[PDB]
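Quick notes on the structure that follows.
Residue indices begin at 1 and follow the sequence shown.
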Amino acid sequence: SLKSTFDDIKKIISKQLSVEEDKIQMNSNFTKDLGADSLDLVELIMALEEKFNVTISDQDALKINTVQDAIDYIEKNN
Ligand SMILES: *OP(=O)(O)OCC(C)(C)[C@@H](O)C(=O)NCCC(=O)NCCS
């Protein structure tokens with residue numbers, strides 16, 4: 001389910017960024033809205049890779065700016 005991948009990703013983000021799940025929305029931008037720094041970003045991409053068993057290249061990661069970007073990436077790639 002969209003809801004299922006959504007719920008998994010929110011937990012990952014919440015834990016990495018110390019932000020309550022309810023504050024995490026599709027257009028939430030990691031750096032502009034959720035206070036992510038450079039190490040946060042590295043930790044998040046590695047956490048997505050570990051959870052969803054996908055490989056996110058450096059250039060892909062540079063295009064994952066929001067929650068929706070990350071969900072759409074995972075749904076594209078399983
Ligand atoms: O603090 P920041 O978010 O800008 O950076 C965090 C990361 C992990 C991206 C870097 O600190 C990092 O480790 N970069 C590569 C490791 C090096 O030794 N780089 C050479 C100096 S730029």
Side-chain angles (χ1 to χ4, degrees), residues 1-37 39-78:
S1 307
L2 269 315
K3 183 57 160 58
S4 200
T5 250
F6 185 48
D7 283 334
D8 272 2
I9 200 158
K10 293 200 305 205
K11 192 195 150 22
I12 297 176
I13 294 166
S14 174
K15 300 336 271 274
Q16 180 47 39
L17 303 180
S18 284
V19 294
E20 101 173 39
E21 295 178 28
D22 293 335
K23 292 304 294 249
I24 299 165
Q25 308 285 310
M26 292 291 192
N27 74 12
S28 294
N29 176 300
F30 302 117
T31 65
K32 288 175 79 191
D33 306 310
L34 310 176
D37 67 20
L39 173 60
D40 286 328
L41 292 179
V42 179
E43 287 162 340
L44 181 49
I45 151 301
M46 299 187 176
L48 296 172
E49 280 180 334
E50 302 162 336
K51 175 71 191 178
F52 301 98
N53 304 143
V54 295
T55 285
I56 305 171
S57 65
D58 283 6
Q59 208 55 215
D60 301 316
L62 291 181
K63 301 170 175 164
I64 295 177
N65 294 148
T66 67
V67 173
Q68 190 182 328
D69 290 340
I71 288 163
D72 287 354
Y73 188 90
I74 292 151
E75 298 285 89
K76 202 183 290 175
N77 281 291
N78 293 162

In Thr31, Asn27, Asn29, the residue satisfying side-chain contact (heavy atoms from CB on, under 4.5 Å) with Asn65 is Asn29

Are any side-chain N or O atoms of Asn77 and backbone N or O atoms of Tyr73, one a donor and one an acceptor, separated by less than 3.5 Å?
yes

Look at the side chain of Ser28 and the backbone N and O of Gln25, then say whether any donor-acceptor pair between them is shorter than 3.5 Å.
yes

First locate atom [atom1] of [X], then atom [atom2] of [Y], and finally report the distance between them rounded to the nearest 0.5 Å.
X: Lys76; Y: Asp60; atom1: NZ; atom2: CG; value: 8.0 Å
X: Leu48; Y: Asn53; atom1: CG; atom2: CG; value: 11.5 Å
X: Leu44; Y: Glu49; atom1: CG; atom2: CD; value: 10.5 Å

Could you tell me if the side chain of [Y] sits less than 4.5 Å from the side chain of [X], heavy atoms only?
X: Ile71; Y: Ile74; result: no
X: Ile56; Y: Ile64; result: yes
X: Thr66; Y: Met26; result: no

Of all heavy-atom pairs between [X] and [Y], which one has the smallest distance, and what is that distance?
X: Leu34; Y: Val19; value: O-CG1, 4.0 Å
X: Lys63; Y: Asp69; value: O-OD2, 3.5 Å
X: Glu21; Y: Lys11; value: OE2-CA, 3.6 Å
X: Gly35; Y: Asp40; value: O-OD2, 3.9 Å
X: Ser14; Y: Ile24; value: N-CD1, 3.7 Å
X: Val54; Y: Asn78; value: CG1-C, 3.3 Å

Does the distance from a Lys or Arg side-chain N to an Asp or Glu carboxylate O, for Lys3 and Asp7, drop under 4.0 Å?
yes

Give a yes or no on whether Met46 and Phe30 share a hydrophobic cluster (residues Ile, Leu, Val, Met, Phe, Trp, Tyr; joining criterion: side-chain heavy atoms under 4.5 Å apart).
yes

Side chains of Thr5 and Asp8, donor plus acceptor under 3.5 Å
no

